[PDB]
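As structure tokens, one chain now follows by itself in the form deposited in one PDB entry.
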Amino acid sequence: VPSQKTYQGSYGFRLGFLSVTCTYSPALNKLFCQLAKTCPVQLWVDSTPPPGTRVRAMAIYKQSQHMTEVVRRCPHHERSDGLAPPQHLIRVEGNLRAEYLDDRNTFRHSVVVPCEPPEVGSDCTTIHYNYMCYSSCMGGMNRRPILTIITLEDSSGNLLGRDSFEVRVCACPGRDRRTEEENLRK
């Protein structure tokens, strides 16, 4: 099972977050988003990682009883940008250099882009992710919560930093965030 251990590493790596289409709960460390819509995830570092640094996104099941199962789309949502394979839950929007990878040992999917410097007008680098299947989809996540694990890696795949967040893909992310936050209070 892929580690979800937070690891700021030598570069001080950590994530930040911004009709609601995507909303992040700091209290829950949980992103709520609509199907296939833009999810801006910010990459923050204290110092600039070397040339060739890469950023990988991968989904895992949050519950220990499901951690060994590969997160994939349900059959219905398999059937596009002509780049993300139809089985991949997570895709990147707006990056000409996205790589879609299947682990040969674990069968897990991931998407990698080069680590780029912050865009003009921003103190951080933002990646736009899309989630291609609902949390509730029978045959896919089937109501099981997931984590997205973001790893900062060197050009050879070695770990430089790690952070993570829970995700719910749902039709009414603002309402679902409110319900889960109010339920946490009560």
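We number the residues from 1 along the sequence you see. By rigid core we mean the largest C-alpha set that fits within 1.5 Å across both forms. Residues that one form lacks are left out of the comparison.
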Inset, instruction - Note how many residues of the deposited chain are left out of the model between residue 18 and residue 19; the options are none, 1 to 3, 4 to 9, and 10 or more. - result: 4 to 9
Legend entry - Chain break class at residue 79/residue 80 - deposited residues not modelled: 1 to 3
Inset, instruction - Mind pulling up the entry and telling me whether 174-182 or 161-169 has the higher mean Cα temperature factor? - result: 174-182
Inset, instruction - Between 63-71 and 124-132, point out the one with the higher average CA B-factor as the PDB entry records it. - result: 63-71
Inset, instruction - Name the one of 42, 53, 148, 48 with the greatest CA B-factor according to the PDB entry. - result: 48
Inset, instruction - Would you please rank residue 83 by its C-alpha temperature factor against the other modelled residues of its chain and give the third it falls in: lowest, middle or highest? - result: highest
Inset, instruction - Quick one: classify residue 110 as lowest, middle or highest third of the chain based on its Cα B-factor. - result: lowest
Legend entry - CA B-factor placement of residue 138, once the chain's modelled residues are sorted into thirds: highest
Legend entry - Cα B factor band for residue 102 (lowest, middle or highest third within the chain): middle
Legend entry - Chain-relative CA temperature factor third for residue 154: middle
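There is another form of this protein, the form deposited with a small molecule bound, and it is not shown here; the text below is about that form.
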Legend entry - Residue among 26, 139, 51, 157 with a heavy atom within 4.5 Å of the small molecule in the deposited complex: 51
Inset, instruction - Answer with yes or no whether residue 116 is in contact with the small molecule in the deposited complex, where contact means some heavy atom within 4.5 Å. - result: yes
Legend entry - the small molecule contact at residue 57 in the deposited complex, heavy atom, 4.5 Å: no
Legend entry - Close approach of residue 64 to the small molecule in the deposited complex, 4.5 Å, heavy atom: no
Inset, instruction - Decide whether residue 68 counts as a contact residue for the small molecule in the deposited complex under a heavy atom distance cut-off of 4.5 Å. - result: no
Inset, instruction - Report the residue, chosen from 158, 68, 142, 122, for which the CA moves 2 Å or more between the shown form and the other one after the rigid core is overlaid. - result: 122
Legend entry - Rigid-core superposition between the shown form and the other one, with residue runs of at least 3 whose C-alphas all shift by 2 Å or more: 119-122
